[PDB]
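Novice: first portion of the complex, with coordinates as positioned in the assembly:
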Amino acid sequence: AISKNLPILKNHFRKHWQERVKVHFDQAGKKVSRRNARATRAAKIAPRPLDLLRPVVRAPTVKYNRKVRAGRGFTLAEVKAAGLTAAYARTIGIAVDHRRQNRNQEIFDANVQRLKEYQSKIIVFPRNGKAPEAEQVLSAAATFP
């Protein structure tokens, strides 16, 4: 059992662990599946980009707050200070996080500038029609990095 000169090995295999082995042979296969999803959705969305905008946001706890990160959505203050309302921002393609609050000025100004650079660099089709087909960019996060 315990033997010659070898570390203590902890291996959590005293269960029926062969009932629950999940090997991922489908990996590259599922990749093709997801890419077809991002083809199929990219035919449906009427040429709008796939993803919505996400805000510049400052990371949590002491290890990670040196970086900056794509958040969830713009606040109800950043959206309102961009000139447009909340539900209209939802319809434009601006993702809105209703519950986060701004207590920083650089992040607020970066998000408002990000909304200005977005709202200036889109064109919105009329409700009625005549539809000038504008050749979608698939990624909105890569366009505004």
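Specialist: Received the coordinates, thanks. Numbers count the residues shown, from 1 in each chain, chains lettered A, B, ... in the order given.
Novice: from now on I want contacts and neighbour counts done on CA atoms only, so please keep to that.
Specialist: Fine.
Novice: in contact with the residue most central in space within chain A, which residues?
Specialist: Centroid-nearest residue in chain A, with CA atoms, centre = their mean: residue A:54, separated by 6.2 Å. Residue A:54 sits next to A:70, A:71, A:72, A:73, A:74, A:94, A:95, A:141 when contact means CA atoms under 8 Å, 6 or more residues apart in numbering.
Novice: highest neighbour count among these?
Specialist: Ranked by the number of neighbours (other CA atoms under 10 Å), the contacts of residue A:54 place residue A:74 first, at 30 neighbours.
Novice: that one reaches residue A:97, doesn't it?
Specialist: Yes: between residue A:74 and residue A:97 there is a contact under CA atoms under 8 Å: 5.3 Å.
Novice: how near is the closest residue to residue A:72 other than its chain neighbours to residue A:95?
Specialist: Nearest residue to residue A:72, sequence neighbours excluded (CA to CA, 6 or more residues apart in numbering): residue A:54, at 5.6 Å. Per CA to CA, to the nearest Å, residue A:54 is found 6 Å from residue A:95.
Novice: joint contacts of the two?
Specialist: Common contact partners of residue A:54 and residue A:95 (CA under 8 Å, 6+ apart): A:72, A:73, A:74.
Novice: and those, which is closest to residue A:89?
Specialist: Nearest to residue A:89 out of these is residue A:74 (CA to CA; 9.4 Å).
Novice: ok, that closest one - contacts?
Specialist: A:54, A:55, A:94, A:95, A:96, A:97, A:98, A:111.
Novice: using CSV, please lay out the residues you listed together with secondary structure.
Specialist: Converted to CSV, the contacts of residue A:74 look like this (DSSP: H, G, I helix; E, B strand; the rest coil):
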residue, secondary structure
A:54, coil
A:55, coil
A:94, strand
A:95, coil
A:96, strand
A:97, coil
A:98, coil
A:111, helix
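Novice: go ahead and add chain B:
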Amino acid sequence: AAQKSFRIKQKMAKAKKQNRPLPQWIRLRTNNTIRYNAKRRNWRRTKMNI
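Specialist: Alright, chain B goes in next:
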């Protein structure tokens, strides 16, 4: 038995009409592997258990 219900006699009727060899003409038929009847139930060998 010698004085029966109907259901058991109905199954005896089926057990009679199955107790026969192959028709002689099937052994000439195309793609045939059936060379005899592998379900001949006799009364001295196998009791059918109703």
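Novice: next one: phi and psi at the residue nearest to the centre of chain A?
Specialist: Main-chain dihedrals, residue A:54, degrees, to the nearest 10: phi -120, psi 150.
Novice: quick check: it vs residue A:5, distance?
Specialist: Going from residue A:54 to residue A:5 by CA to CA gives 54 Å.
Novice: ok, now residue B:17?
Specialist: Residue B:17 is 79 Å from residue A:5, where distance means CA to CA.
Novice: among the two, which residue is more densely surrounded?
Specialist: Shown here are residue B:17 and residue A:5; by other CA atoms under 10 Å in any protein chain shown, residue B:17 has more neighbours (9 against 6).
Novice: so what's that one up against?
Specialist: Listed by CA atoms under 8 Å, 6 or more residues apart in numbering or on different chains, residue B:17 has no contact partners.
Novice: list phi and psi for it.
Specialist: Dihedral pair for residue B:17: phi -70, psi -10, per degrees, to the nearest 10.
Novice: how far away is it from residue A:124?
Specialist: Separation of residue B:17 from residue A:124 (CA to CA): 82 Å.
Novice: next: residue B:11.
Specialist: Residue B:11 is 80 Å from residue A:124, by CA to CA.
Novice: could you find the closest non-adjacent residue to residue B:11?
Specialist: Excluding the flanking residues, the one nearest residue B:11 by CA to CA, 6 or more residues apart in numbering or on different chains is residue B:50, at 7.3 Å.
Novice: the one you found against residue B:7, yeah?
Specialist: No: here residue B:50 does not reach residue B:7: they are 9.6 Å apart, not a contact under CA under 8 Å.
Novice: ok, which stretches of chain B are strands?
Specialist: Using DSSP state E, no strands are found in chain B.
Novice: also put chain C in, sequence below:
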Amino acid sequence: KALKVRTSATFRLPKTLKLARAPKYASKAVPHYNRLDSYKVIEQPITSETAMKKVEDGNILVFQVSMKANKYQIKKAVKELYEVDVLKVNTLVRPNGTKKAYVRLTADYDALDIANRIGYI
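Specialist: Okay, here's chain C dropped in alongside the others:
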């Protein structure tokens, strides 16, 4: 304000109006036809030499009758098909599961002179 007298000391369900049925639609679309008619009551005659002996001698037709029929429906099907009166009927169940009807005619009709009219002889 005034109380009804009750001579019994037992209370039971009041006699209420059990209403009839009047559906919005029929139970099934088409009422099914006659499942067991005279064409399906008798199926074949029987031409064993014993049955032919009873035909030629005992004035009795020997038919193979369907498993659902009874001595009433056979006493009616022969009169409907062959237009001949029918005495006592005797139906056994053959051991291969098909019913056998010994139908005895009256003395007015000859069993051979109807057996060659139906064909089997």
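Novice: back to the contacts of residue B:17, now that we've got chain C?
Specialist: Contacts of residue B:17 (CA under 8 Å, 6+ apart): residue C:96.
Novice: secondary structure class for residue A:81?
Specialist: Secondary structure state of residue A:81, per three-state DSSP, is helix.
Novice: before we move on, which element is the nearest residue to it once chain neighbours are set aside in?
Specialist: Using CA to CA, 6+ apart and skipping residues adjacent in sequence, the residue nearest residue A:81 is residue A:112, 6.9 Å away. Using DSSP states H and E, residue A:112 maps to helix A:105-120.
Novice: for chain B, what are the nearby residues on chain C?
Specialist: C:95, C:96, C:97 (CA under 8 Å from any CA of the partner chain).
Novice: buried among the residues you listed? Make that a PyMOL selection.
Specialist: The buried residues among the residues of chain C next to chain B can be selected in PyMOL (16 or more other CA atoms under 10 Å in any protein chain shown) with this line:
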select buried, chain C and resi 97
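Novice: list just the nearest of the residues of chain C next to chain B to chain B.
Specialist: Checking the residues of chain C next to chain B against chain B by CA to the nearest CA gives residue C:96 as the nearest, at 4.3 Å.
Novice: which residue ranges form the strands in chain C?
Specialist: Per DSSP E, chain C carries strands over the ranges C:42-45, C:60-65, C:86-93, C:99-105.
Novice: list the buried residues in the third one.
Specialist: Right, strand C:86-93. C:86, C:89, C:91, C:93.
Novice: now, the most widely separated pair of those residues?
Specialist: Farthest pair in the buried residues of strand C:86-93, by CA to CA: C:86 and C:93, 20.1 Å.
Novice: just give me the neighbour total for residue A:1.
Specialist: Residue A:1 has 3 neighbouring residues, counting by other CA under 10 Å.
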